[PDB]
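Here is my input; please provide its structure:
(one chain, ligands or ions: 1)
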Amino acid sequence: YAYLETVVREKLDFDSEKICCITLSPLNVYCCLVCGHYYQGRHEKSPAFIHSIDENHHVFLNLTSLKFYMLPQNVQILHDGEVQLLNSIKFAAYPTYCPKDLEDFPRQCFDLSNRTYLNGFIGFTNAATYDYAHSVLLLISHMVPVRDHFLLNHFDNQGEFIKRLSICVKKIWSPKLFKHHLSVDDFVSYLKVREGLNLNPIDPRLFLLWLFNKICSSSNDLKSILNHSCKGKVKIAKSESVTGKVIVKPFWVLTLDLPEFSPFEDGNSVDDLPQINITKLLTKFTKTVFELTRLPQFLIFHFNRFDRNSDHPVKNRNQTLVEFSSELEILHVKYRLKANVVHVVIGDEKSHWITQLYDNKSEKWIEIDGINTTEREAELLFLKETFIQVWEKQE
Ligand SMILES: [Zn+2]
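Numbers count the residues shown, from 1 in each chain. For reference, the structure is listed below:
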């Protein structure tokens, strides 16, 4: 254990692509726990073994089996579980939870630089590229029954996609992060390279639908939980008694169409701009007849901002001001707002996506924009352009 004082936790990032930085191989990759680079190991002549002699760095983590090794001794560090430093590092690579930990989530935590964060309510690097994916991962990680299943189970038997996704969800909730933000560049890049994710354009709705469908085709357990918790159903219906066509359509996400909008009208006050209350968008179902015949525990709405089959879809998007508060009722079933994905503008204008999430325990809204988090007031959330919302059914 003499070498454990050489470990430098601040250099360790386990969100990176798991490849050897010398051979670019993904096979048998180790992380050097002194400098944090990855090396294929661990036999003589391997990059990790050579690194250990030439750079004088001797403590490694096998990134696949999570066992610790001394090199060039080439011996496993046993009882790594009794060693605080080692527990800490193994937890950074693969957070573990028991049911009672979840009872005190979320809570204020501190990263290694003593920056405080509320666990589960953290941001992500490279929002310029992956903001649409950050919002979707946060949404699904904050649906308690889905989150709990990912945090408390292991997924070595359900294929590479489900294992990688489970690890993202486990890190999103980690109360012991070394730094208070995550990278999911490699996860999203893996989806494009190996799981055929190739939508262009893409946005939080298209990616949420893709990700729910991919989860369902990959895991029978998660399929049954998403089907039960998230999947709604709409029924559309119209001397000789005709019964008339009845379609029952399941949905993950219910699209609410906004009133016709002209991008060329300008004004200098909010009362000059079009507005509509969310309850009025739902009139369709609460007044051919449309009915929500299955109301899920989590009801996800999409506000149809974009006409993608016309020129400059972002610039010409429907900017009707959608008004909502934190509660809603649909034919006597009450819901409370839990998540709000907002569209921000930064050839066409470019979309940027930010995610606001509700914490029941402290009763605060936290807005996650890139790695920044800011509290927001509930009554003013609707002033930004809402795109997707998650509502949770109340007893
Ligand atoms: Zn090193």
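
got the contact list for the residue of the stretch 51-200 of the chain found nearest the ion?
Among residues of the stretch 51-200 of the chain, the one nearest the ion by Cβ to the ion turns out to be residue 57. It sits 3.2 Å away. In this view, the C-beta of every residue, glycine as well, is placed from N, C-alpha and C. By Cβ atoms under 8 Å, 6 or more residues apart in numbering, the contact set of residue 57 is 6, 32-35, 51.

Tell me the one of those nearest residue 289?
Closest to residue 289 out of the contacts of residue 57 is residue 33 (64.0 Å), distances taken as Cβ to Cβ.

wait, the closest one sits on residue 69?
No. Taking Cβ atoms under 8 Å as the definition, residue 33 is not a contact partner of residue 69, at 9.8 Å.

Touching both of those two, which residues are there?
In contact with both residue 33 and residue 69: 59-61, using Cβ under 8 Å, 6+ apart.

Pick the one among the residues you listed closest to residue 117.
The closest of the shared contacts of residue 33 and residue 69, once distances to residue 117 are taken by Cβ to Cβ, is residue 61, at 24.1 Å.

Let me know whether my guess that that closest one is in a strand holds.
Yes. Assigned with DSSP: H, G, I helix; E, B strand; the rest coil, residue 61 falls within a strand.

Ignoring the adjacent residues along the chain, who's closest to it?
residue 31 (4.7 Å; Cβ to Cβ, 6 or more residues apart in numbering).

Roughly how far does residue 216 sit from residue 51?
Distance of residue 216 to residue 51, given as Cβ to Cβ, to the nearest Å: 42 Å.

of these two, who's got more company?
residue 51 (25 against 17; other Cβ atoms under 10 Å).

which one is the more buried one nearest to, not counting chain neighbours?
residue 39 (5.1 Å).

do residue 385 as well
Closest to residue 385 by Cβ to Cβ, 6+ apart is residue 343, at 4.5 Å.

Pull the residues that contact the strand or helix carrying the one you found.
When elements are assigned from DSSP states H and E, residue 343 belongs to strand 333-345. Residues from elsewhere that reach strand 333-345 (Cβ under 8 Å, 6+ apart): 135, 138-139, 142, 204, 295, 298-299, 305, 314, 317, 324-329, 351-358, 369, 381, 384-394.

Quickly run through the sheet partners of whatever helix or strand comes next after that strand, with directions.
Next helix or strand after strand 333-345 toward the C-terminus (DSSP H and E): strand 351-359. Strands that pair with strand 351-359, judged by DSSP bridges, come out as strand 333-345 (antiparallel), strand 364-369 (antiparallel).

what bridges to residue 376?
Bridge pairing for residue 376 - DSSP bridges - gives residue 365.

give me the number of residues near it?
Neighbours of residue 376 (other Cβ under 10 Å): 17.

residue contacts, it?
Contacts of residue 376 by Cβ under 8 Å, 6+ apart are 356, 365-367.

circling back to that earlier point, neighbours around the residue nearest to residue 385, how many?
As a burial measure, residue 343 scores 21 neighbours (other Cβ under 10 Å).

Can you give me the distance of the residue of the stretch 51-200 of the chain closest to the ion to residue 197?
Taking Cβ to Cβ, one finds residue 57 at 36 Å from residue 197.

Could you report the neighbour count for the residue nearest to residue 96 when sequence neighbours are not counted?
Distances taken as Cβ to Cβ, 6+ apart put residue 170 closest to residue 96, at 7.8 Å, once the chain neighbours are dropped. Using other Cβ under 10 Å, residue 170 has 21 other residues around it.

try residue 154
If we define neighbours as other Cβ under 10 Å, then residue 154 has 12 of them.

which bits of the stretch 1-150 of the chain sit near the ion?
Proximity of the stretch 1-150 of the chain to the ion, by Cβ under 5 Å from the ion, involves residues 32, 34-35, 57.

Excluding residues flanking it in the chain, which one is nearest residue 149?
residue 225 (5.7 Å).

how near is residue 380 to residue 33?
46 Å.

my bad, should have said residue 234
53 Å.

Does residue 288 touch residue 235 like I think?
No. Look at residue 288 against residue 235 with Cβ under 8 Å: they stay out of range, at 11.2 Å.

Would you list the phi and psi of the closest residue to residue 393 other than its chain neighbours?
Excluding its sequence neighbours, the residue lying closest to residue 393 (Cβ to Cβ, 6+ apart) is residue 297, at 5.1 Å. Dihedral pair for residue 297: phi -60, psi -40, per degrees, to the nearest 10.

Also residue 145?
Per-residue torsions, residue 145: phi -70, psi -30 (degrees, to the nearest 10).

circling back: can I have the buried ones of the contacts of residue 57 as a PyMOL selection?
Here is the PyMOL command that picks out the buried ones among the contacts of residue 57, judged by 16 or more other Cβ atoms under 10 Å:
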select buried, resi 32+33+34+51
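
Shouldn't residue 149 be within a helix?
Yes. Counting by three-state DSSP, residue 149 is located in a helix.
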